[PDB]
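In the structure tokens that follow, the same protein chain appears in two forms, which are kept apart as structure 1 and structure 2.
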Structure 1
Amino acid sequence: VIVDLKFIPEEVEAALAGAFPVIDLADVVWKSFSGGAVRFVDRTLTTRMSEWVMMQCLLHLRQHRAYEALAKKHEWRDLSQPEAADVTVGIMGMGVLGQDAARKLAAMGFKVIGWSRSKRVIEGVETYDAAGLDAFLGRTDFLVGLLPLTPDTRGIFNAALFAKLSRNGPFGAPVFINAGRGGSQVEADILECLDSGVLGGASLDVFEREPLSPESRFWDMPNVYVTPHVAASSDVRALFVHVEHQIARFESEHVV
């Protein structure tokens, strides 16, 4: 089997031991069977994404940066701490990813509301539509972006949207979390809102131009968490089980 994948080479090399019981062209294609989304539909992407989203909401809720700054000073000091039920997480995007995250955040105690341009009826979650966007934003303390990039979501996360987020929550200023696509945000507005305090903090997994430039100001900011577009990663061992099975079945799905 020909393997030409621009993934982590060590993870590919390691995953070949056992797989296809192998012309590895770094010595099945992704920037040379597709390596990602005959396509590969990795069933673990949703649950992986929800781990990242949950982690961001907890990092912000539990004041991780303030406690780490105290730890760096070797200073023992308890801070006033809201519970998850004191914070409304507003999720823009009520597809598979938004629905999974909503359910899990609510089970952890967060108040959760959802938004999509056209109304969706989601069991257990109050949802808002385009006409209800202002009301949705005004209730939201932690804004979570799980939207696709379409013409309707180009630069949707912008200065005016951030200015309509709630300032009535326990931190007095909203937080922005995005793991959809960088084209959905106006990065200059995010930076200016962080500098001005309109946004109290952010978690960004996606950027207008990836990989994020080493000169970006996002890297050093005290209340911004940067991840390199890894909210969900495929396991290459899972890809080969998909290729083995589809190679075997063909010898005995998911054609584009």
Structure 2
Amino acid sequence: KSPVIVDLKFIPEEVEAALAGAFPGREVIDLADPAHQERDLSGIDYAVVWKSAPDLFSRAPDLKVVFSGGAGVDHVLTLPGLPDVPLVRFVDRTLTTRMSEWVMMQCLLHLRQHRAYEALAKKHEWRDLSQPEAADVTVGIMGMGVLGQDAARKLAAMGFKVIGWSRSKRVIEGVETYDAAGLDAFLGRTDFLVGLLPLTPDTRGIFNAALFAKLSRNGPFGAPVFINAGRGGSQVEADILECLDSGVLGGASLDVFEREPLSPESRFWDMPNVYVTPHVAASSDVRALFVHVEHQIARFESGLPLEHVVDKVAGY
């Protein structure tokens, strides 16, 4: 049976733990192990990859299916020699549920004025603030795919008003959606903007000052919030900073950045209404990843269509 190459820049202890009993009957070649640094990888059919080294595909020229370790494929699409074979992205209940946790947390942190209450606590000052309920806030989600839909449904269940935007219009109970041409109408209703878009050439720099200026000022805080857990390349950080400084944006939650890891010299670390997380909104459960890859391999070898195959021209 073909081995499976594992080249995942994840927390090493998590990958190592998941290797036990993974891919039964196949050799598993974990490229984090120095013992494998010279192994020729010709004749091997499958690789599971995340932030892999530039030479990987020259070493493994006979791959039949490439599996991303994440939902996003904007990096793997750039790897030199990426083979002309199906590229399968990671889609799984574990990833989806994790993203929705992070999105819900940000919407609650902003709704419930967490930074204000923390500033009061720093002064040892007890002060109750006037407080809207979730239903007083419209959360607008750009990207109505696997992650956007789950987050929308969960936010609505917690009481937020929720609307969605994507290229085509999606039909979702309890969530009004807009297609591409509806962007401006969607923005004008949105108090908390949530980004769950892939990075593609068409989404590069989409979150910019002109867009933030179209967000609603009619909500309970009088100024919108920007929350991004898609990709950093979709935002213009110079504009985010300008808009936070001026008050065009009242706050932000950023999990993703134009250049990661985020520079230690970035202003974002110290800003009073910005929450920074280090690209952890939805971690890949490595056990679940390997179960997913196993399942797709079994489909492939039985002559069934692969699931979650990306359109390389579209970039997602």
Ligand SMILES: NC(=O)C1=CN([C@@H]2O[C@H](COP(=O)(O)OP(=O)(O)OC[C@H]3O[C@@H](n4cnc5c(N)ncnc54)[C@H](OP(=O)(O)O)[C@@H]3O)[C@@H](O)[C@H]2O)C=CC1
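Numbering runs along the sequence of structure 1, starting at 1. Rigid core (definition): largest C-alpha set, two forms, superposition within 1.5 Å.
K.L.:
Of these two forms of the chain, identify the one that is the form deposited with this ligand bound.
P.N.:
If we ask which form is the one deposited with this ligand bound, the answer is structure 2.
K.L.:
Once the two forms are fit on the core, has residue 43 moved its CA by at least 2 Å between structures 1 and 2?
P.N.:
Where the cores coincide, residue 43 still shows a C-alpha shift between structures 1 and 2 that is 2 Å or more.
K.L.:
If I superpose the two forms on their rigid core, does the C-alpha of residue 78 end up displaced by 2 Å or more between structures 1 and 2?
P.N.:
Stays below the 2 Å threshold, so no.
K.L.:
Quick question: how big is the domain rotation between structures 1 and 2, taking the chain as two rigid parts and the angle in degrees?
P.N.:
The rotation of the smaller rigid part against the larger one between structures 1 and 2 is 26 degrees.
K.L.:
Keeping the rigid core fixed, what distance in angstrom separates the two C-alpha positions of residue 112 between structures 1 and 2?
P.N.:
Residue shift at the C-alpha: 0.1 Å.
K.L.:
What is the magnitude, in angstrom, of the C-alpha shift at residue 152 between structures 1 and 2 when the rigid core serves as the superposition reference?
P.N.:
With the cores aligned, its C-alpha sits 1.2 Å away.
K.L.:
Where the rigid core has been superposed, how far does the Cα of residue 234 end up moving between structures 1 and 2, given in Å?
P.N.:
Its C-alpha shift, to one decimal, is 2.4 Å.
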